Protein chains: 2
Amino acid sequence: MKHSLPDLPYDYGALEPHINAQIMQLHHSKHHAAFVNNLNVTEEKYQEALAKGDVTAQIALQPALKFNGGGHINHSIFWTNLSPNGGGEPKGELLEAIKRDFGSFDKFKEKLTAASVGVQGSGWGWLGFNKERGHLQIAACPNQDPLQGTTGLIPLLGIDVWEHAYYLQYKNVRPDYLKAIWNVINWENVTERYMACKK
Amino acid sequence: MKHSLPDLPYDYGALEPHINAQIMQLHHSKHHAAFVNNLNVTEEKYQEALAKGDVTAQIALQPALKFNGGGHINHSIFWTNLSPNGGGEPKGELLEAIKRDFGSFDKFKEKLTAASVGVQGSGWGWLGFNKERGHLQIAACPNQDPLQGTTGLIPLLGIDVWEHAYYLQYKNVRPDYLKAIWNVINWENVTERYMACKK
Ligand SMILES: [Mn+2]
Ligand SMILES: [Mn+2]
């Protein structure tokens with residue numbers, strides 16, 4: 001089983017005017033592509049070190065594995081969290097849970113925006129599901145640290161706040177990026193991930 | 001392979017009165033044993049995750065691997081750094097390097113003691129060799145984080161400043177433990193590690 005770069009499910013310009021084609025092309029075809037390849041390189045190095053019982057080599061490889069492995073996990077989710085058919089508000093059981101756990105959909109938006117804007121440096125904001133508590137939970141992660149691998153929460157919706165995700169279009173003004181991205185959220189996909197947690 | 005607890009190179013009471021037999025027996029047969037057992041469990045989980053390509057599981061296993069893997073690496077070195085015939089000062093090229101890089105043996109002791117006393121929480125102090133710079137270097141490490149795996153420095157002499165290493169005998173007074181341990185340093189072993197660094 002070798003990881004592979006997934007195709008983007010839509011045209012590079014499908015998210016205009018909210019996210020321009022230049023960002024989408026660079027973010028997918030350059031940034032994500034590097035993560036998959038570097039993840040595969042690290043896994044092959046780790047397999048060799050593991051078979052030899054070289055614990056020092058295993059530990060030295062952990063930063064590259066989390067960085068590149070998280071990069072592959074996060075971006076693969078991110079593309080599915082967006083869609084030209086997205087935007088608006090969710091419906092059904094997910095909307096009920098958002099209202100129950102955050103008060104309202106608008107309050108949820110404020111909390112996830114605050115967590116995403118609040119990331120100092122590189123990282124991600126996540127809406128997740130806490131399996132043990134059986135409810136939604138917002139968390140932020142640094143760099144490419146993935147939500148489930150580092151927190152156990154199941155990712156539902158991720159907002160990439162790496163500068164490369166918005167800088168070409170919005171420059172330093174990250175809040176302008178957060179406003180635009182709500183128009184392309186694929187709530188159908190987020191619902192599928194949420195419903196997969198409930199049985 | 002499967003990691004195994006190495007035999008101690010001497011009796012548990014060989015370091016009296018500086019480190020008592022109760023500490024040595026607990027530290028080796030309980031603390032270190034747990035690291036080996038848990039390290040083997042974590043390595044087996046990682047092998048399974050690698051074959052399935054489960055990157056999330058790999059990343060979730062990193063804390064146990066570094067903690068237990070570092071514990072096995074670190075403690076195995078610590079036992080060899082001590083000897084009932086130890087103490088005093090080194091000789092030959094190692095003493096020359098200590099004088100060159102730290103000024104004198106006494107100044108080296110002050111610096112490594114300060115770094116070891118300066119550890120806030122659990123961790124380790126290390127004298128290492130920087131291969132790229134070709135000289136000695138003092139560093140501190142948190143928890144069981146190993147020197148080479150996390151810094152690239154080759155370990156020469158390690159001082160375990162975890163509370164379990166000295167609390168039974170010295171209680172909260174870590175400086176008394178740090179002073180006593182110099183009497184049992186196996187400079188012969190540290191010298192072997194140093195010469196292994198040089199061609
Ligand atoms: Mn990105
Ligand atoms: Mn210890």
# chains A, B, ... in the order shown; residues from 1 in each chain; ligands from 1
call {"tool": "interface_residues", "arguments": {"of": "chain B", "to": "chain A", "cutoff": "10 Å", "atoms": "only C-alpha atoms", "output": "ChimeraX atom specification"}}
result
/B:1-3,39-40,43-44,46-47,50-63,65-70,72-73,145-152
call {"tool": "residues_near_ligand", "arguments": {"ligand": "ligand 1", "cutoff": "7 Å", "atoms": "only C-alpha atoms and all ligand atoms", "output": "list in words"}}
result
residues 27, 31, 75, 160, 162, 164 and 165 of chain A
call {"tool": "write_last_selection", "arguments": {"atoms": "C-alpha atoms", "output": "mmCIF file, in the first residue's frame"}}
result
data_model
loop_
_atom_site.group_PDB
_atom_site.id
_atom_site.type_symbol
_atom_site.label_atom_id
_atom_site.label_comp_id
_atom_site.auth_asym_id
_atom_site.auth_seq_id
_atom_site.Cartn_x
_atom_site.Cartn_y
_atom_site.Cartn_z
ATOM 1 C CA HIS A 27 -1.683 24.396 -3.126
ATOM 2 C CA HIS A 31 2.433 21.727 -1.802
ATOM 3 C CA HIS A 75 -4.957 18.424 2.395
ATOM 4 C CA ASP A 160 -6.007 25.679 6.200
ATOM 5 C CA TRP A 162 -1.017 28.366 6.139
ATOM 6 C CA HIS A 164 0.283 29.821 1.078
ATOM 7 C CA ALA A 165 -3.455 29.057 1.263
#
call {"tool": "select_by_dssp", "arguments": {"residues": "stretch 41-183 of chain B", "states": "alpha helix (DSSP H)", "output": "PDB file with N, CA and C atoms, in the first residue's frame"}}
result
ATOM      1  N   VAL B  41       5.818  -3.285  22.315  1.00  0.00           N
ATOM      2  CA  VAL B  41       4.409  -3.174  21.944  1.00  0.00           C
ATOM      3  C   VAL B  41       4.221  -2.076  20.904  1.00  0.00           C
ATOM      4  N   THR B  42       4.848  -0.917  21.124  1.00  0.00           N
ATOM      5  CA  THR B  42       4.676   0.193  20.192  1.00  0.00           C
ATOM      6  C   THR B  42       5.272  -0.127  18.827  1.00  0.00           C
ATOM      7  N   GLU B  43       6.449  -0.757  18.798  1.00  0.00           N
ATOM      8  CA  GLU B  43       7.060  -1.112  17.521  1.00  0.00           C
ATOM      9  C   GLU B  43       6.172  -2.064  16.730  1.00  0.00           C
ATOM     10  N   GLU B  44       5.546  -3.027  17.411  1.00  0.00           N
ATOM     11  CA  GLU B  44       4.667  -3.967  16.721  1.00  0.00           C
ATOM     12  C   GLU B  44       3.438  -3.262  16.160  1.00  0.00           C
ATOM     13  N   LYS B  45       2.871  -2.319  16.916  1.00  0.00           N
ATOM     14  CA  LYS B  45       1.757  -1.532  16.400  1.00  0.00           C
ATOM     15  C   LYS B  45       2.168  -0.729  15.172  1.00  0.00           C
ATOM     16  N   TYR B  46       3.392  -0.197  15.169  1.00  0.00           N
ATOM     17  CA  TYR B  46       3.846   0.599  14.034  1.00  0.00           C
ATOM     18  C   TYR B  46       4.037  -0.268  12.795  1.00  0.00           C
ATOM     19  N   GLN B  47       4.597  -1.469  12.966  1.00  0.00           N
ATOM     20  CA  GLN B  47       4.728  -2.395  11.845  1.00  0.00           C
ATOM     21  C   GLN B  47       3.376  -2.676  11.205  1.00  0.00           C
ATOM     22  N   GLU B  48       2.351  -2.903  12.029  1.00  0.00           N
ATOM     23  CA  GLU B  48       1.010  -3.136  11.506  1.00  0.00           C
ATOM     24  C   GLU B  48       0.504  -1.913  10.752  1.00  0.00           C
ATOM     25  N   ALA B  49       0.691  -0.722  11.324  1.00  0.00           N
ATOM     26  CA  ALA B  49       0.220   0.497  10.676  1.00  0.00           C
ATOM     27  C   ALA B  49       0.939   0.738   9.354  1.00  0.00           C
ATOM     28  N   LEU B  50       2.243   0.458   9.304  1.00  0.00           N
ATOM     29  CA  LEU B  50       2.994   0.655   8.068  1.00  0.00           C
ATOM     30  C   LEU B  50       2.484  -0.247   6.950  1.00  0.00           C
ATOM     31  N   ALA B  51       2.236  -1.526   7.247  1.00  0.00           N
ATOM     32  CA  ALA B  51       1.764  -2.431   6.205  1.00  0.00           C
ATOM     33  C   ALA B  51       0.406  -2.003   5.663  1.00  0.00           C
ATOM     34  N   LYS B  52      -0.443  -1.418   6.508  1.00  0.00           N
ATOM     35  CA  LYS B  52      -1.752  -0.939   6.081  1.00  0.00           C
ATOM     36  C   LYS B  52      -1.713   0.469   5.503  1.00  0.00           C
ATOM     37  N   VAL B  55      -1.382   6.233   8.194  1.00  0.00           N
ATOM     38  CA  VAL B  55      -0.505   7.303   8.659  1.00  0.00           C
ATOM     39  C   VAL B  55      -1.023   7.903   9.961  1.00  0.00           C
ATOM     40  N   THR B  56      -2.346   7.987  10.117  1.00  0.00           N
ATOM     41  CA  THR B  56      -2.919   8.493  11.362  1.00  0.00           C
ATOM     42  C   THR B  56      -2.455   7.661  12.551  1.00  0.00           C
ATOM     43  N   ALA B  57      -2.496   6.336  12.419  1.00  0.00           N
ATOM     44  CA  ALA B  57      -2.060   5.472  13.509  1.00  0.00           C
ATOM     45  C   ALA B  57      -0.567   5.629  13.773  1.00  0.00           C
ATOM     46  N   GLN B  58       0.233   5.746  12.710  1.00  0.00           N
ATOM     47  CA  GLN B  58       1.667   5.967  12.875  1.00  0.00           C
ATOM     48  C   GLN B  58       1.941   7.207  13.715  1.00  0.00           C
ATOM     49  N   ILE B  59       1.241   8.305  13.428  1.00  0.00           N
ATOM     50  CA  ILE B  59       1.496   9.551  14.140  1.00  0.00           C
ATOM     51  C   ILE B  59       1.008   9.445  15.579  1.00  0.00           C
ATOM     52  N   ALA B  60      -0.130   8.781  15.792  1.00  0.00           N
ATOM     53  CA  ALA B  60      -0.639   8.603  17.146  1.00  0.00           C
ATOM     54  C   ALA B  60       0.312   7.769  17.996  1.00  0.00           C
ATOM     55  N   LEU B  61       1.102   6.898  17.366  1.00  0.00           N
ATOM     56  CA  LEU B  61       2.043   6.049  18.085  1.00  0.00           C
ATOM     57  C   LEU B  61       3.374   6.734  18.373  1.00  0.00           C
ATOM     58  N   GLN B  62       3.634   7.895  17.775  1.00  0.00           N
ATOM     59  CA  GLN B  62       4.922   8.555  17.969  1.00  0.00           C
ATOM     60  C   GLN B  62       5.231   8.862  19.429  1.00  0.00           C
ATOM     61  N   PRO B  63       4.301   9.375  20.240  1.00  0.00           N
ATOM     62  CA  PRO B  63       4.661   9.682  21.635  1.00  0.00           C
ATOM     63  C   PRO B  63       5.121   8.470  22.426  1.00  0.00           C
ATOM     64  N   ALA B  64       4.455   7.325  22.263  1.00  0.00           N
ATOM     65  CA  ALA B  64       4.879   6.119  22.965  1.00  0.00           C
ATOM     66  C   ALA B  64       6.228   5.624  22.456  1.00  0.00           C
ATOM     67  N   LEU B  65       6.490   5.765  21.156  1.00  0.00           N
ATOM     68  CA  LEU B  65       7.760   5.298  20.607  1.00  0.00           C
ATOM     69  C   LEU B  65       8.921   6.140  21.122  1.00  0.00           C
ATOM     70  N   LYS B  66       8.772   7.467  21.106  1.00  0.00           N
ATOM     71  CA  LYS B  66       9.849   8.329  21.583  1.00  0.00           C
ATOM     72  C   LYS B  66      10.047   8.174  23.086  1.00  0.00           C
ATOM     73  N   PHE B  67       8.949   8.060  23.838  1.00  0.00           N
ATOM     74  CA  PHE B  67       9.046   7.957  25.290  1.00  0.00           C
ATOM     75  C   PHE B  67       9.684   6.635  25.697  1.00  0.00           C
ATOM     76  N   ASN B  68       9.153   5.524  25.185  1.00  0.00           N
ATOM     77  CA  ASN B  68       9.659   4.206  25.551  1.00  0.00           C
ATOM     78  C   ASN B  68      10.949   3.886  24.805  1.00  0.00           C
ATOM     79  N   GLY B  69      11.030   4.271  23.530  1.00  0.00           N
ATOM     80  CA  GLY B  69      12.265   4.074  22.789  1.00  0.00           C
ATOM     81  C   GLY B  69      13.414   4.885  23.354  1.00  0.00           C
ATOM     82  N   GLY B  70      13.162   6.155  23.672  1.00  0.00           N
ATOM     83  CA  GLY B  70      14.182   6.955  24.326  1.00  0.00           C
ATOM     84  C   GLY B  70      14.577   6.398  25.680  1.00  0.00           C
ATOM     85  N   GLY B  71      13.594   5.948  26.463  1.00  0.00           N
ATOM     86  CA  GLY B  71      13.905   5.332  27.743  1.00  0.00           C
ATOM     87  C   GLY B  71      14.845   4.148  27.620  1.00  0.00           C
ATOM     88  N   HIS B  72      14.613   3.284  26.629  1.00  0.00           N
ATOM     89  CA  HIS B  72      15.498   2.141  26.432  1.00  0.00           C
ATOM     90  C   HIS B  72      16.895   2.592  26.024  1.00  0.00           C
ATOM     91  N   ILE B  73      16.976   3.531  25.081  1.00  0.00           N
ATOM     92  CA  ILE B  73      18.269   4.046  24.639  1.00  0.00           C
ATOM     93  C   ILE B  73      18.999   4.709  25.800  1.00  0.00           C
ATOM     94  N   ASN B  74      18.307   5.602  26.508  1.00  0.00           N
ATOM     95  CA  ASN B  74      18.953   6.431  27.520  1.00  0.00           C
ATOM     96  C   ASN B  74      19.456   5.601  28.696  1.00  0.00           C
ATOM     97  N   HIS B  75      18.597   4.751  29.260  1.00  0.00           N
ATOM     98  CA  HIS B  75      18.983   4.010  30.458  1.00  0.00           C
ATOM     99  C   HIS B  75      20.084   2.999  30.159  1.00  0.00           C
ATOM    100  N   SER B  76      20.038   2.363  28.987  1.00  0.00           N
ATOM    101  CA  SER B  76      21.097   1.436  28.600  1.00  0.00           C
ATOM    102  C   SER B  76      22.459   2.120  28.599  1.00  0.00           C
ATOM    103  N   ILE B  77      22.510   3.377  28.156  1.00  0.00           N
ATOM    104  CA  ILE B  77      23.753   4.140  28.207  1.00  0.00           C
ATOM    105  C   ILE B  77      24.110   4.479  29.649  1.00  0.00           C
ATOM    106  N   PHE B  78      23.129   4.921  30.438  1.00  0.00           N
ATOM    107  CA  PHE B  78      23.417   5.396  31.787  1.00  0.00           C
ATOM    108  C   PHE B  78      24.164   4.343  32.597  1.00  0.00           C
ATOM    109  N   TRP B  79      23.733   3.081  32.519  1.00  0.00           N
ATOM    110  CA  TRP B  79      24.375   2.041  33.317  1.00  0.00           C
ATOM    111  C   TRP B  79      25.849   1.900  32.954  1.00  0.00           C
ATOM    112  N   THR B  80      26.177   2.013  31.665  1.00  0.00           N
ATOM    113  CA  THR B  80      27.563   1.882  31.236  1.00  0.00           C
ATOM    114  C   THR B  80      28.391   3.112  31.579  1.00  0.00           C
ATOM    115  N   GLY B  92      44.176  11.417  28.938  1.00  0.00           N
ATOM    116  CA  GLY B  92      44.392  11.333  27.508  1.00  0.00           C
ATOM    117  C   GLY B  92      43.614  12.363  26.712  1.00  0.00           C
ATOM    118  N   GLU B  93      43.196  11.941  25.514  1.00  0.00           N
ATOM    119  CA  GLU B  93      42.592  12.856  24.551  1.00  0.00           C
ATOM    120  C   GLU B  93      41.260  13.406  25.041  1.00  0.00           C
ATOM    121  N   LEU B  94      40.512  12.624  25.822  1.00  0.00           N
ATOM    122  CA  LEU B  94      39.242  13.111  26.348  1.00  0.00           C
ATOM    123  C   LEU B  94      39.450  14.276  27.307  1.00  0.00           C
ATOM    124  N   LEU B  95      40.437  14.171  28.198  1.00  0.00           N
ATOM    125  CA  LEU B  95      40.731  15.283  29.097  1.00  0.00           C
ATOM    126  C   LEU B  95      41.205  16.506  28.320  1.00  0.00           C
ATOM    127  N   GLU B  96      42.020  16.295  27.284  1.00  0.00           N
ATOM    128  CA  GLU B  96      42.454  17.408  26.444  1.00  0.00           C
ATOM    129  C   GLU B  96      41.268  18.107  25.792  1.00  0.00           C
ATOM    130  N   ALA B  97      40.308  17.334  25.282  1.00  0.00           N
ATOM    131  CA  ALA B  97      39.134  17.927  24.650  1.00  0.00           C
ATOM    132  C   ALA B  97      38.276  18.674  25.665  1.00  0.00           C
ATOM    133  N   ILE B  98      38.124  18.118  26.868  1.00  0.00           N
ATOM    134  CA  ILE B  98      37.354  18.791  27.912  1.00  0.00           C
ATOM    135  C   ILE B  98      37.986  20.137  28.247  1.00  0.00           C
ATOM    136  N   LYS B  99      39.312  20.163  28.398  1.00  0.00           N
ATOM    137  CA  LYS B  99      39.997  21.418  28.691  1.00  0.00           C
ATOM    138  C   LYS B  99      39.858  22.407  27.541  1.00  0.00           C
ATOM    139  N   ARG B 100      39.940  21.922  26.301  1.00  0.00           N
ATOM    140  CA  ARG B 100      39.852  22.820  25.155  1.00  0.00           C
ATOM    141  C   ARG B 100      38.463  23.440  25.047  1.00  0.00           C
ATOM    142  N   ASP B 101      37.416  22.630  25.202  1.00  0.00           N
ATOM    143  CA  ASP B 101      36.065  23.100  24.924  1.00  0.00           C
ATOM    144  C   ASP B 101      35.405  23.775  26.119  1.00  0.00           C
ATOM    145  N   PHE B 102      35.795  23.419  27.345  1.00  0.00           N
ATOM    146  CA  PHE B 102      35.178  23.985  28.537  1.00  0.00           C
ATOM    147  C   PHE B 102      36.157  24.730  29.432  1.00  0.00           C
ATOM    148  N   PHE B 105      38.436  20.669  33.528  1.00  0.00           N
ATOM    149  CA  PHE B 105      37.515  19.640  33.998  1.00  0.00           C
ATOM    150  C   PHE B 105      36.551  20.190  35.042  1.00  0.00           C
ATOM    151  N   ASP B 106      37.047  21.028  35.956  1.00  0.00           N
ATOM    152  CA  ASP B 106      36.182  21.598  36.984  1.00  0.00           C
ATOM    153  C   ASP B 106      35.109  22.491  36.374  1.00  0.00           C
ATOM    154  N   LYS B 107      35.466  23.273  35.355  1.00  0.00           N
ATOM    155  CA  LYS B 107      34.476  24.117  34.694  1.00  0.00           C
ATOM    156  C   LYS B 107      33.463  23.278  33.927  1.00  0.00           C
ATOM    157  N   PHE B 108      33.915  22.190  33.303  1.00  0.00           N
ATOM    158  CA  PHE B 108      32.985  21.263  32.667  1.00  0.00           C
ATOM    159  C   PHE B 108      31.988  20.710  33.677  1.00  0.00           C
ATOM    160  N   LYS B 109      32.473  20.293  34.849  1.00  0.00           N
ATOM    161  CA  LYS B 109      31.568  19.800  35.882  1.00  0.00           C
ATOM    162  C   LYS B 109      30.534  20.852  36.267  1.00  0.00           C
ATOM    163  N   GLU B 110      30.962  22.107  36.437  1.00  0.00           N
ATOM    164  CA  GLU B 110      30.013  23.165  36.772  1.00  0.00           C
ATOM    165  C   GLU B 110      28.961  23.338  35.683  1.00  0.00           C
ATOM    166  N   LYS B 111      29.377  23.298  34.414  1.00  0.00           N
ATOM    167  CA  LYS B 111      28.432  23.523  33.324  1.00  0.00           C
ATOM    168  C   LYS B 111      27.437  22.375  33.199  1.00  0.00           C
ATOM    169  N   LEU B 112      27.912  21.130  33.280  1.00  0.00           N
ATOM    170  CA  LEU B 112      26.999  19.998  33.160  1.00  0.00           C
ATOM    171  C   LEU B 112      26.103  19.882  34.387  1.00  0.00           C
ATOM    172  N   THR B 113      26.637  20.185  35.573  1.00  0.00           N
ATOM    173  CA  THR B 113      25.797  20.231  36.765  1.00  0.00           C
ATOM    174  C   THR B 113      24.706  21.285  36.616  1.00  0.00           C
ATOM    175  N   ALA B 114      25.072  22.475  36.131  1.00  0.00           N
ATOM    176  CA  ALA B 114      24.086  23.540  35.974  1.00  0.00           C
ATOM    177  C   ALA B 114      23.003  23.141  34.979  1.00  0.00           C
ATOM    178  N   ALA B 115      23.399  22.537  33.855  1.00  0.00           N
ATOM    179  CA  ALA B 115      22.416  22.098  32.870  1.00  0.00           C
ATOM    180  C   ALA B 115      21.521  21.005  33.438  1.00  0.00           C
ATOM    181  N   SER B 116      22.085  20.111  34.254  1.00  0.00           N
ATOM    182  CA  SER B 116      21.289  19.025  34.814  1.00  0.00           C
ATOM    183  C   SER B 116      20.361  19.541  35.905  1.00  0.00           C
ATOM    184  N   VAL B 117      20.876  20.406  36.783  1.00  0.00           N
ATOM    185  CA  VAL B 117      20.039  21.027  37.804  1.00  0.00           C
ATOM    186  C   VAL B 117      18.994  21.917  37.147  1.00  0.00           C
ATOM    187  N   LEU B 147      19.329  12.001  23.080  1.00  0.00           N
ATOM    188  CA  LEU B 147      20.178  13.081  22.591  1.00  0.00           C
ATOM    189  C   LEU B 147      20.345  13.010  21.077  1.00  0.00           C
ATOM    190  N   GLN B 148      20.819  11.868  20.574  1.00  0.00           N
ATOM    191  CA  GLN B 148      21.150  11.771  19.156  1.00  0.00           C
ATOM    192  C   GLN B 148      19.901  11.826  18.285  1.00  0.00           C
ATOM    193  N   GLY B 149      18.833  11.143  18.698  1.00  0.00           N
ATOM    194  CA  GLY B 149      17.632  11.109  17.884  1.00  0.00           C
ATOM    195  C   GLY B 149      16.971  12.463  17.735  1.00  0.00           C
ATOM    196  N   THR B 150      17.105  13.326  18.744  1.00  0.00           N
ATOM    197  CA  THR B 150      16.456  14.629  18.735  1.00  0.00           C
ATOM    198  C   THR B 150      17.397  15.797  18.480  1.00  0.00           C
ATOM    199  N   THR B 151      18.711  15.612  18.633  1.00  0.00           N
ATOM    200  CA  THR B 151      19.663  16.697  18.432  1.00  0.00           C
ATOM    201  C   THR B 151      20.797  16.357  17.475  1.00  0.00           C
ATOM    202  N   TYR B 167      15.330  10.291  44.264  1.00  0.00           N
ATOM    203  CA  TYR B 167      14.418  10.792  45.289  1.00  0.00           C
ATOM    204  C   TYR B 167      14.469   9.942  46.554  1.00  0.00           C
ATOM    205  N   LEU B 168      14.543   8.616  46.412  1.00  0.00           N
ATOM    206  CA  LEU B 168      14.522   7.760  47.594  1.00  0.00           C
ATOM    207  C   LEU B 168      15.665   8.102  48.541  1.00  0.00           C
ATOM    208  N   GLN B 169      16.821   8.479  47.994  1.00  0.00           N
ATOM    209  CA  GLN B 169      18.016   8.729  48.789  1.00  0.00           C
ATOM    210  C   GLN B 169      18.185  10.205  49.129  1.00  0.00           C
ATOM    211  N   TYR B 170      18.033  11.079  48.135  1.00  0.00           N
ATOM    212  CA  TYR B 170      18.316  12.500  48.271  1.00  0.00           C
ATOM    213  C   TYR B 170      17.061  13.358  48.344  1.00  0.00           C
ATOM    214  N   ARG B 174      18.213  17.543  44.529  1.00  0.00           N
ATOM    215  CA  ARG B 174      18.945  17.079  43.355  1.00  0.00           C
ATOM    216  C   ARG B 174      20.413  17.487  43.342  1.00  0.00           C
ATOM    217  N   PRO B 175      20.807  18.678  43.802  1.00  0.00           N
ATOM    218  CA  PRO B 175      22.241  19.011  43.779  1.00  0.00           C
ATOM    219  C   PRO B 175      23.109  18.041  44.559  1.00  0.00           C
ATOM    220  N   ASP B 176      22.610  17.466  45.655  1.00  0.00           N
ATOM    221  CA  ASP B 176      23.413  16.489  46.385  1.00  0.00           C
ATOM    222  C   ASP B 176      23.605  15.222  45.561  1.00  0.00           C
ATOM    223  N   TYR B 177      22.567  14.810  44.828  1.00  0.00           N
ATOM    224  CA  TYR B 177      22.698  13.675  43.922  1.00  0.00           C
ATOM    225  C   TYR B 177      23.708  13.968  42.821  1.00  0.00           C
ATOM    226  N   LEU B 178      23.640  15.168  42.240  1.00  0.00           N
ATOM    227  CA  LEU B 178      24.560  15.527  41.166  1.00  0.00           C
ATOM    228  C   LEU B 178      26.001  15.538  41.655  1.00  0.00           C
ATOM    229  N   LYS B 179      26.233  16.030  42.872  1.00  0.00           N
ATOM    230  CA  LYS B 179      27.584  16.007  43.420  1.00  0.00           C
ATOM    231  C   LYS B 179      28.071  14.579  43.630  1.00  0.00           C
ATOM    232  N   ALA B 180      27.206  13.708  44.154  1.00  0.00           N
ATOM    233  CA  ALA B 180      27.634  12.350  44.473  1.00  0.00           C
ATOM    234  C   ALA B 180      27.945  11.535  43.224  1.00  0.00           C
ATOM    235  N   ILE B 181      27.189  11.734  42.141  1.00  0.00           N
ATOM    236  CA  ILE B 181      27.324  10.841  40.996  1.00  0.00           C
ATOM    237  C   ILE B 181      28.691  10.960  40.329  1.00  0.00           C
TER     238      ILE B 181
END
call {"tool": "closest_residue", "arguments": {"among": "A:17, A:103, A:118, A:128", "to": "residue A:191", "atoms": "only C-alpha atoms"}}
result
A:128
call {"tool": "atom_distance", "arguments": {"atom1": "atom CA of residue A:153", "atom2": "atom CA of residue A:25"}}
result
29.2 Å
call {"tool": "residues_around", "arguments": {"residues": "residue B:142", "least_positions_apart": "5", "cutoff": "9 Å", "atoms": "only C-alpha atoms", "output": "MDAnalysis selection string"}}
result
chainID B and resid 119:125
call {"tool": "write_last_selection", "arguments": {"atoms": "C-alpha atoms", "output": "PDB file, in the first residue's frame"}}
result
ATOM      1  CA  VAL B 119      16.110  20.786  33.879  1.00  0.00           C
ATOM      2  CA  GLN B 120      12.584  21.845  34.846  1.00  0.00           C
ATOM      3  CA  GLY B 121      10.507  18.698  35.149  1.00  0.00           C
ATOM      4  CA  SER B 122      11.716  15.293  33.994  1.00  0.00           C
ATOM      5  CA  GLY B 123      14.610  14.865  31.598  1.00  0.00           C
ATOM      6  CA  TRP B 124      18.304  14.188  31.123  1.00  0.00           C
ATOM      7  CA  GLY B 125      21.605  16.031  30.920  1.00  0.00           C
TER       8      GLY B 125
END
call {"tool": "atom_distance", "arguments": {"atom1": "atom CA of residue B:161", "atom2": "atom CA of residue B:126"}}
result
10.6 Å
call {"tool": "atom_distance", "arguments": {"atom1": "atom CA of residue B:35", "atom2": "atom CA of residue B:18"}}
result
24.7 Å
call {"tool": "closest_residue", "arguments": {"among": "B:141, B:159, B:127, B:82", "to": "ligand 2", "atoms": "only C-alpha atoms and all ligand atoms"}}
result
B:159
call {"tool": "select_by_dssp", "arguments": {"residues": "stretch 5-195 of chain B", "states": "strand (DSSP E)", "output": "list in words"}}
result
residues 123, 124, 125, 126, 127, 128, 129, 130, 135, 136, 137, 138, 139, 140, 141, 142, 154, 155, 156, 157, 158, 159 and 160 of chain B
call {"tool": "residues_around", "arguments": {"residues": "residue A:194", "least_positions_apart": "4", "cutoff": "8 Å", "atoms": "only C-alpha atoms", "output": "JSON, numbers by chain"}}
result
{"A": [94, 129, 156, 190, 198]}
call {"tool": "write_last_selection", "arguments": {"atoms": "N, CA and C atoms", "output": "PDB file, in the first residue's frame"}}
result
ATOM      1  N   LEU A  94     -26.671  17.136  11.617  1.00  0.00           N
ATOM      2  CA  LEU A  94     -25.470  17.934  11.842  1.00  0.00           C
ATOM      3  C   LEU A  94     -25.822  19.342  12.306  1.00  0.00           C
ATOM      4  N   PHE A 129     -15.297  15.643  15.924  1.00  0.00           N
ATOM      5  CA  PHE A 129     -16.241  14.898  16.744  1.00  0.00           C
ATOM      6  C   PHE A 129     -15.486  14.167  17.843  1.00  0.00           C
ATOM      7  N   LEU A 156     -13.927  16.691  10.752  1.00  0.00           N
ATOM      8  CA  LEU A 156     -15.125  16.946   9.963  1.00  0.00           C
ATOM      9  C   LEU A 156     -14.920  18.074   8.963  1.00  0.00           C
ATOM     10  N   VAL A 190     -19.035  17.165   4.880  1.00  0.00           N
ATOM     11  CA  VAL A 190     -18.910  17.259   6.332  1.00  0.00           C
ATOM     12  C   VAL A 190     -19.974  16.404   7.011  1.00  0.00           C
ATOM     13  N   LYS A 198     -21.641   8.497  13.876  1.00  0.00           N
ATOM     14  CA  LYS A 198     -22.842   7.964  14.498  1.00  0.00           C
ATOM     15  C   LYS A 198     -23.269   6.713  13.743  1.00  0.00           C
TER      16      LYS A 198
END
